[PDB]
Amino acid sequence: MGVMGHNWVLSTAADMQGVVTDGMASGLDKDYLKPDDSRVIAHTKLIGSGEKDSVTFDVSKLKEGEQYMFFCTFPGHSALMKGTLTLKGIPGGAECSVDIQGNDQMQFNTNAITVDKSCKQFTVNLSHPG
């Protein structure tokens, strides 16, 4: 086989590689993440084709002048399945959620996520179509 999954994991840009590596070593049964990894600010579960999962996190855990990375920890996928997430304030002001897809070609459909700081909490809706 014949296994395919995506997840959505958030950490500081510095902690990204460490989270990816220990995630690989934790295996499929643990959603390819080390349980209770302190470096992981928020994460979805691992989902197969046709499934969906969401995660919500406090915007208080972020900071305006820091680099944050979102990525999939499924072994090898973090090469192309990564992107930046940054905190900003846009004149508006809201949308406090985003819809992300990972497909069969190791791709997220966005590579940059903006979180407004008027949001007290932020919501990621991950799907895995096909």
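The first residue of the shown sequence is 1; numbering continues from there.
Colleague: Can you let me know which of the two, 70 to 78 or 34 to 42, has the higher average C-alpha B-factor in the entry?
Modeller: Per the PDB entry, the higher value belongs to 34 to 42.
Colleague: For the stretches 5 to 13 and 114 to 122, which has the higher mean C-alpha B-factor as given in the deposited record?
Modeller: That would be 114 to 122.
Colleague: Per the coordinate record, which of the options 55, 98, 90, 47 holds the highest CA temperature factor?
Modeller: Largest recorded C-alpha B-factor: 90.
Colleague: State the tercile, meaning the lowest, middle or highest third, of residue 29 with respect to the CA B-factors recorded for its chain.
Modeller: Tercile = middle for this residue's CA B-factor.
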